[PDB]
Ligand code: HEM
Ligand SMILES: CCCCCCCN1CCC[C@H]1C(=O)N[C@@H](Cc1ccccc1)C(=O)O
Ligand SMILES: C=Cc1ccccc1
Ligand SMILES: [Cl-]
């Protein structure tokens with residue numbers, strides 16, 4: 001039995017002030033570099049343990065011993081995502097019911113049905129960049145967020161946010177972004193009942209109303225028309241859980257759409273932004289990926305089967321997820337008393353945080369070149385030990401969107417590499433903004449068209 005390390009304390013505030021920063025996940029990564037594979041973190045009225053090693057995370061991923069916990073972050077998001085899949089407890093009826101109904105709509109086979117709608121938004125991105133004037137630049141995370149939000153809107157509930165027609169986002173997106181900001185800001189808000197925050201609370205309730213009104217109206221419109229589309233909303237309206245025999249109620253369908261819209265906006269855009277960042281910083285890797293894109297994408301419009309053929313592009317995306325997993329942590333609780341790693345006794349209910357960027361820097365797994373961007377380290381994935389690579393979470397509570405995110409990102413990155421050469425014209429210094437997720441901030445490039453028609 002070992003006593004685990006703990007970072008510096010602030011008297012009665014314990015460790016809490018360490019997270020009073022715009023970059024708290026990056027702060028925790030530096031603490032993990034100093035303290036190692038596990039450290040205790042205390043705040044008034046709570047304790048958790050941050051895990052960074054594959055040795056310990058492999059055990060945390062044992063669903064017989066640990067289940068998904070709602071982090072305080074997810075509990076605050078639950079005020080607008082409700083009992084949607086990501087903010088529900090495993091033991092809530094609506095978790096397994098929505099899981100059973102939606103799993104077949106998110107399978108690799110299901111991606112064939114979304115492919116045409118994904119191509120529609122991907123072509124809008126390519127056309128935007130084709131239409132820039134000489135020496136104009138691209139705002140990378142901005143355009144990747146326009147694309148990923150519009151893709152899940154069109155695939156989620158056949159709704160066009162038309163983000164490529166705008167400087168200022170659709171009002172729904174303004175409200176969702178401000179609600180996500182309020183949720184994450186509340187993690188570091190001392191005295192949340194101070195009248196100073198009456199405006200924040202009023203604004204939060206207004207933003208919840210904007211999101212619910214749009215989504216509830218589209219659900220009501222669809223039910224009335226009886227229209228059948230190639231979309232998640234159609235699948236959720238037609239679906240019955242084989243176990244309970246029940247469909248989802250309209251309120252839960254709304255929470256699933258809001259959940260999907262948060263994911264589209266926050267996750268996939270970050271992955272594409274980090275992937276392009278790593279490609280422009282590693283020109284030999286960019287060349288190899290561009291050669292594959294040219295070899296495989298032989299038609300004006302990529303096909304579903306061509307996207308599956310972009311093997312090296314898939315490896316580039318996995319290597320971007322390794323270094324900067326855009327959903328950077330998940331939380332677990334001990335189902336029963338148990339000993340972690342032969343060393344750390346835990347009581348039933350004790351919480352763990354998995355610090356995914358640190359797991360992905362475990363030199364015992366990846367070797368001494370762990371900070372290098374080397375997609376080829378994914379060439380022989382059977383050689384990777386269990387639970388070493390966790391950008392999509394764990395077990396039955398893993399990302400339902402994984403096939404959707406990777407299909408969209410592979411299609412889009414493949415088209416970007418087919419159609420343009422890229423220049424890091426500012427020699428951009430990586431600056432990672434933290435919202436629900438991690439994204440480059442201020443990342444800009446210049447594209448030079450290869451003048452290949454669509
Ligand atoms: C349109 C894209 C996406 C959608 C619709 C989506 C949707 C979801 C949903 C519904 C869940 C909850 C699953 C459940 O517990 O039953 C989830 C979990 C998760 N997703 Fe995704 N996701 C997407 C993209 C991504 C991407 C690109 C990443 C990472 C780069 C990501 C990382 C995760 C992680 C880490 C979890 C587990 C969270 C936890 O354990 O607390 N997601 N996603
Ligand atoms: C998709 C990613 C969602 C979760 C990412 C977590 C993102 N947090 C943002 C701050 C650090 C990180 C985290 O470790 N927070 C924990 C612990 C915690 C609870 C209360 C206040 C501060 C921290 C939590 O939210 O419970
Ligand atoms: C709605 C919140 C959420 C959280 C983690 C992954 C995907 C969605
Ligand atoms: Cl102290």
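Just so it is clear, none of the values below were taken in a lab; they were calculated from the coordinates. Cβ placement follows ideal geometry from the backbone for every residue including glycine, while neighbour counts extend to all protein chains displayed.
Values for this structure:
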| read-out | value |
| --- | --- |
| Hits in the range 337-363 - residues which are surrounded by fewer than 21 Cβ atoms within 10 Å (Cβ to Cβ) and in contact with a helix residue (DSSP H, G or I) (Cβ under 7 Å, 6 or more places away or on another chain) | 341, 362 |
| Any chance residue 214 is within 30 Å of residue 115 (Cβ to Cβ) and assigned to a helix (DSSP H, G or I) | yes |
| Complete set of residues in the range 299-325 that are in a loop (DSSP other than H, G, I, E, B) and over 20 Å from residue 148 (Cα atoms) | 299, 300, 309 |
| Count of the range 326-359 residues which are assigned to a loop (DSSP other than H, G, I, E, B) and in contact (Cβ under 8 Å) with a residue 12 or more places away in the chain | 11 |
| Checklist (1) within 24 Å of residue 432 (Cα to Cα); (2) away from ligand 3 (no atom under 16 Å from the Cβ); (3) out of contact with any helix residue (DSSP H, G or I) (no Cβ under 7 Å at 6 or more places or on another chain) applied to residue 71, failing item | (2) |
| Residue among 77, 25, 47 that alone is in contact with a strand residue (DSSP E or B) (Cβ under 9 Å, 6 or more places away or on another chain), closer than 29 Å to residue 262 by Cα and more than 16 Å from ligand 4 (Cβ to nearest atom) | 25 |
| Residue 38, sole failed condition from (1) more than 13 Å from ligand 2 (Cβ to nearest atom); (2) free of Cβ contacts under 8 Å to residues at least 40 places away in the same chain; (3) within 20 Å of residue 330 (Cα to Cα) | (2) |
| Residue that is surrounded by the fewest Cβ atoms within 10 Å (Cβ to Cβ), among those in the range 1-32 that are more than 11 Å from ligand 2 (Cβ to nearest atom) and free of Cβ contacts under 8 Å to residues at least 12 places away in the same chain | 11 |
| Per-region count, the range 243-287, residues touching a strand residue (DSSP E or B) at 6+ places or on another chain (Cβ under 7 Å) and either within 16 Å of ligand 4 (Cβ to nearest atom) or assigned to a loop (DSSP other than H, G, I, E, B) (or both) | 0 |
| Matching residues in the range 69-84 - criterion: being over 19 Å from residue 175 (Cβ atoms) and more than 13 Å from ligand 2 (Cβ to nearest atom) | 83 |
| When residues of the range 16-27 are limited to those that are touching a helix residue (DSSP H, G or I) at 6+ places or on another chain (Cβ under 9 Å) and either within 16 Å of ligand 1 (Cβ to nearest atom) or not in a helix (DSSP H, G or I) (or both), the one farthest from residue 190 (Cα to Cα) | 25 |
| Hits in the range 405-434 - residues which are over 27 Å from residue 54 (Cβ atoms) and within 15 Å of ligand 3 (Cβ to nearest atom) | 408 |
| Residues located in the range 33-44, provided they are out of contact with any helix residue (DSSP H, G or I) (no Cβ under 6 Å at 6 or more places or on another chain), farther than 28 Å from residue 364 by Cα and surrounded by 14 or more Cβ atoms within 10 Å (Cβ to Cβ) | 42 |
| Unmet criterion (only one of (1) closer than 28 Å to residue 101 by Cα; (2) surrounded by 21 or more Cβ atoms within 10 Å (Cβ to Cβ)) for residue 333 | (2) |
| Looking only at the range 375-401, and only at residues there that are without any contact (Cβ under 8 Å) to a residue 24 or more places away in the chain and in a helix (DSSP H, G or I), the one that is nearest to residue 323 (Cα to Cα) | 381 |
| Lone qualifier among 385, 391 - being within 16 Å of ligand 3 (Cβ to nearest atom) and either touching a helix residue (DSSP H, G or I) at 6+ places or on another chain (Cβ under 9 Å) or closer than 15 Å to residue 269 by Cβ (or both) | 391 |
| Residues (within 19 Å of residue 262 (Cβ to Cβ) and either out of contact with any strand residue (DSSP E or B) (no Cβ under 9 Å at 6 or more places or on another chain) or surrounded by 23 or more Cβ atoms within 10 Å (Cβ to Cβ) (or both)) located in the range 121-142 | 121, 142 |
| Hits in the range 222-233 (condition: part of a helix (DSSP H, G or I) and in contact (Cβ under 8 Å) with a residue 60 or more places away in the chain) | 222, 232, 233 |
| Qualifying residue in the range 166-175 (condition: buried (at least 19 other Cβ atoms within 10 Å of the Cβ), more than 16 Å from residue 404 (Cα to Cα), without any contact (Cβ under 8 Å) to a residue 12 or more places away in the chain and within 16 Å of ligand 2 (Cβ to nearest atom)) | no |
| Any hit, the range 274-286, residues being more than 18 Å from residue 178 (Cα to Cα), within 16 Å of ligand 3 (Cβ to nearest atom), touching a residue at least 60 places away in the same chain (Cβ under 8 Å) and surrounded by 23 or more Cβ atoms within 10 Å (Cβ to Cβ) | no |
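Each row is one residue, and each column tells you yes or no for (1) more than 25 Å from residue 27 (Cα to Cα); (2) in contact (Cβ under 8 Å) with a residue 40 or more places away in the chain; (3) over 22 Å from the mean Cα position of the chain (by Cα); (4) surrounded by 14 or more Cβ atoms within 10 Å (Cβ to Cβ).
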residue: 415; (1), (2), (3), (4): yes, yes, no, yes
residue: 419; (1), (2), (3), (4): yes, yes, yes, yes
residue: 422; (1), (2), (3), (4): yes, yes, yes, yes
residue: 425; (1), (2), (3), (4): yes, yes, yes, no
residue: 431; (1), (2), (3), (4): no, no, no, no
residue: 435; (1), (2), (3), (4): no, yes, no, yes
residue: 446; (1), (2), (3), (4): yes, yes, yes, yes
residue: 449; (1), (2), (3), (4): yes, yes, yes, no
